[PDB]
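One chain follows as structure tokens, the form solved without this ligand.
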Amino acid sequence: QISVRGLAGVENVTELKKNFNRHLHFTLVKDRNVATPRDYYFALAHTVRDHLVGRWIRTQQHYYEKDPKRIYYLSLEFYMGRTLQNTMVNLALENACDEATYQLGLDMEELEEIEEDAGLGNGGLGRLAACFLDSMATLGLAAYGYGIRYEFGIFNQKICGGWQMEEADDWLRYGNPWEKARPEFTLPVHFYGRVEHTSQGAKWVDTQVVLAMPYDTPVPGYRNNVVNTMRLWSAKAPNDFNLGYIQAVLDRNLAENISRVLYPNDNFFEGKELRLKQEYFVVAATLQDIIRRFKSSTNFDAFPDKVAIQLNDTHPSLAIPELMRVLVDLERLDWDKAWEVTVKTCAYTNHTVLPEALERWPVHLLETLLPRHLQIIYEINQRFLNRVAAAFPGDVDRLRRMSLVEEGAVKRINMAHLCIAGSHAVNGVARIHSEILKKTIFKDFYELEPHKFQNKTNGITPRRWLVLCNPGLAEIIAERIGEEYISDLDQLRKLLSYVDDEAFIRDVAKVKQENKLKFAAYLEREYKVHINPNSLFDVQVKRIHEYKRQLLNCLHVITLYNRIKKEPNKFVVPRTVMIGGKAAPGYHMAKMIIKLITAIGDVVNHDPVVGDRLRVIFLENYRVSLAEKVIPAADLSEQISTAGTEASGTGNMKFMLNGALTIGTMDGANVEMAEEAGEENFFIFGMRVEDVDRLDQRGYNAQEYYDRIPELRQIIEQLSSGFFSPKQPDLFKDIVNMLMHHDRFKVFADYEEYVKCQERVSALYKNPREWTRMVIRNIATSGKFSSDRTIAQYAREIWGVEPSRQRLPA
């Protein structure tokens, strides 16, 4: 079919066919006469899995013999999505399998659609972890992902009457062929109890035990025969647990609840006990595993030469005092030596700046749950503050600002402070974010230890986010510059020499149009909704939060609507405006925003005077598999967070790679993206960070904008008076109230510039040749945003290991 999908050699195809039939018969216990498409999917998945395992066993064997430094990536989230196609791509099996299935009378694309997303994350942070695992394997690093195997991942979103409803994501219902249970490597985790001081140091006693059972999933690198491991822990009760009889057995559920469900909140901290248990559970089990593997190569001086532990935000921050606990209490190292080892082993990545996102755990929770860890934390704090006092003598306010312990009605532990003190490296996730960290929020820490602070700008894997989801674009690129760019994305820069090539312009535009038709058809089939596929596809997909300003997009949409109603017989560039994303279940304002988006659509989409010129669509249940469909179909990428709020973004990079132009603020990685493509090839608008600060100094008054902008005033009057909610006229009064009086993200302040910038987008879209030339300039400069680049930087500058592009033997 296409070149970038590998060879379909006669013998490979024959062997895949016979193994497919072997798994259908023996593994699934089905004959051909009763097998459903789901059975056929599983037969294929098992067939493809068999090609992994030889490489998996060999890879892990090689690491045991060579004993390289090991990288442990600790995260509460891994948003993996589907595995079947990714595995085929990485093993060069895609064309052989397509042919093998074709010859059995099956359509492989249809079978790929049956696979559940592994939805073990909320959004950007969890998906970054997934991209990183892919890049680590592709770069030959001896890396392990460690997390929790949630029984229920991110909820499935249904819209009922324009409102979000949540349904449990029962992703394991039909089984997971990709994982292997390893109950033989089960480990104990302790909770509660009390601390006893003896002659022989501290002892943690009278604890409740929960077992941690590992499940291993293979992580294949791109065509290098390397298969790394993601190890996810599941919670099990011990068999003497509570041991009338019947009730004791049913109460085992209380222990197993720890790994039941992913907390569905992106960028907001909720201090629940169950969440703290999850955090300790993953840390405690993972560290025992790390230490046993280190001992099976008494001396912990070499520990940091053999182990790096990367903390994906503060969620696994308890790794720091847990490592200290093990080294001091169990291994009997003195404090100072243990601390040296811990700091050199641990590194911390920060992913936010909103004060409500920082983890600050009440002391009373830690006191009850993890009394030994609280003691270690106080000791860490005391020694740390002795260092601050010696460096800045007399600076008493600095001491309370830098403390790990926050004073107040409730005493709290600031986990970010703990991470900085206990790590040899601290990094933000985009250059502007890393600067903000050292200038404002961790300024005091930066002055004490400037050498700790780094930047590692985020990236995305070009395997999933180009080759897999946009094979048409990958192919036309491969026709011109070959295949090496897939594991060296900087080679896309060669495409600048095709910017005036008429054939390439035609092909880039044709691929986009095919992707748009394919997506428009998908909308009709699965959701009974029609769209004009010649319209500009204006897409904002990401989790729903105020700082992302889905509401600013809504204001633009209503502006275009009002303009059309005012001058119906004037030409305007047709648009399909698509907004998608999940709201956290407890977040009232985010749920109201979803309702507003669907309410706008109810008016706009049924106005006969609008025609097919404007459509507003809420994309239901946005998730990794839906991103793989909509991103290649997009013309315009909306990246419109208030400057200083989006730490990086990664969706922005996915769109850039797939031939959409970007409208956005100078926020997060948008700054670096514009810098790479040239500002003239980007639709930049709005306040910069400095402009936001100036506004905050004199005070943001929304009323001033309302008074000066007639078009904005009209929209606020329509919202208030019930134009978009005739049966419930006051339905949106909280939104209006927030915008006029309590808007932290300054929606009105960027309105005017956003609308003007949107007119420039429309003007360019009228000239397809120039639109497409600007697209080529974006794709061609997207190379920096490969996660291979990000990971190579972590490896050299933080972990002290060298990446490799060498094949292991097959």
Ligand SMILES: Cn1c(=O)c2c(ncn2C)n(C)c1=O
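Shifts are known only where both forms have a C-alpha. What we label the rigid core is the largest C-alpha set whose atoms superpose within 1.5 Å from one form to the other. When you see a residue number, it is the position in the sequence shown, counting from 1.
A.B. asks: Say whether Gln454, which has coordinates in the shown structure, is without coordinates in a third or more of the other compared entries.
C.D. replies: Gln454: modelled in every other compared entry.
A.B. asks: Quick check on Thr298: across the other compared entries (only those modelling residues on both sides), is it unmodelled in a third or more?
C.D. replies: Across the compared entries, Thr298 is left out in at least a third.
A.B. asks: According to the PDB entry, how many deposited residues between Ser297 and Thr298 are absent from the model (none, 1 to 3, 4 to 9, 10 or more)?
C.D. replies: The entry has 4 to 9 unmodelled residues between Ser297 and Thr298.
A.B. asks: Counting only residues of the deposited sequence, how many between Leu243 and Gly244 have no atoms in the entry (none, 1 to 3, 4 to 9, 10 or more)?
C.D. replies: 4 to 9 residues are missing.
A.B. asks: Looking at the entry, does 224-232 or 510-518 show the higher mean C-alpha B-factor?
C.D. replies: According to the entry, 510-518 carries the higher average C-alpha B-factor.
A.B. asks: Hey, which bit's got the bigger mean C-alpha B factor in the entry, 699-707 or 305-313?
C.D. replies: Result of the comparison: 699-707.
A.B. asks: Per the PDB entry, which option out of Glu546, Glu479, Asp538, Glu672 has the greatest Cα B factor?
C.D. replies: It is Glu479.
A.B. asks: Which has the highest CA B-factor per the PDB entry: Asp501, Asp635, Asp216, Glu151?
C.D. replies: In this record, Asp501 carries the highest C-alpha B-factor of the candidates.
A.B. asks: C-alpha B factor of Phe185, ranked within the chain: lowest, middle or highest third?
C.D. replies: Within its chain, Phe185 is a middle-third residue by C-alpha B-factor, going by the deposited values.
A.B. asks: Compare the C-alpha B factor of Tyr280 with those of the other modelled residues in its chain, then answer lowest, middle or highest third.
C.D. replies: Lowest third of the chain for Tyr280's C-alpha B-factor.
A.B. asks: Comparing against every modelled residue in the chain, figure out the third that the C-alpha B-factor of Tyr765 lands in (lowest, middle or highest).
C.D. replies: Its C-alpha B-factor belongs to the middle third of this chain's values.
A.B. asks: Could you look up the Cα B-factor of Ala45 in the entry and say which third of the chain it sits in: lowest, middle or highest?
C.D. replies: According to the entry, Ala45 has a C-alpha B-factor in the chain's lowest third.
A.B. asks: What third of its chain's C-alpha B-factors does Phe724 belong to: lowest, middle or highest?
C.D. replies: Highest third, going by the recorded CA B-factors of the chain.
Note that the form solved in complex with this ligand isn't included here; everything after this is about it.
A.B. asks: Would you please decide whether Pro188 lies within 4.5 angstroms of this ligand in the bound PDB entry, comparing each non-hydrogen atom pair?
C.D. replies: Looking in the bound PDB entry, residue contacts with this ligand do not include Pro188, since no heavy atom lies within 4.5 Å.
A.B. asks: Taking this ligand as it sits in the bound PDB entry, is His545 in contact with it (heavy atom to heavy atom, 4.5 Å or less)?
C.D. replies: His545: contacts this ligand in the bound PDB entry.
A.B. asks: Examine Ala584 and determine whether its closest non-hydrogen atom to this ligand in the bound PDB entry is within 4.5 angstroms.
C.D. replies: Yes, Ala584 is a contact residue.
A.B. asks: If we define contact as a non-hydrogen atom of the residue within 4.5 angstroms of the partner, is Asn265 a contact of this ligand in the bound PDB entry?
C.D. replies: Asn265: contacts this ligand in the bound PDB entry.
A.B. asks: In the bound PDB entry, which of the stretches 721-729, 96-104, 676-684, 265-273 has residues with heavy atoms within 4.5 Å of this ligand?
C.D. replies: Looking at the other structure, the answer is 265-273.
A.B. asks: Could you check whether the CA atom of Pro803 moves 2 Å or more between the shown form and the other one, using the rigid core for the fit?
C.D. replies: No, its C-alpha moves less than 2 Å.
A.B. asks: Given a change of 3 Å or more, say if the Cα atoms of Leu7 and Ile460 sit closer or farther in the bound PDB entry than in this form.
C.D. replies: Farther is correct, given that in the bound PDB entry the C-alpha spacing of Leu7 to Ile460 is increased by at least 3 Å.
A.B. asks: Just to spell it out: taking the C-alpha atom of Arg464 and the C-alpha atom of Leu7, is that distance smaller or larger in the bound PDB entry than in the structure shown here, given it changes by 3 Å or more?
C.D. replies: Distance between the C-alphas of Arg464 and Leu7: longer in the bound PDB entry, by 3 Å or more.
A.B. asks: Superposing on the core, what residue ranges of at least 3 consecutive positions move by 2 angstroms or more in Cα between the shown form and the other one?
C.D. replies: 1-11 is the lone stretch that moves between the shown form and the other one.
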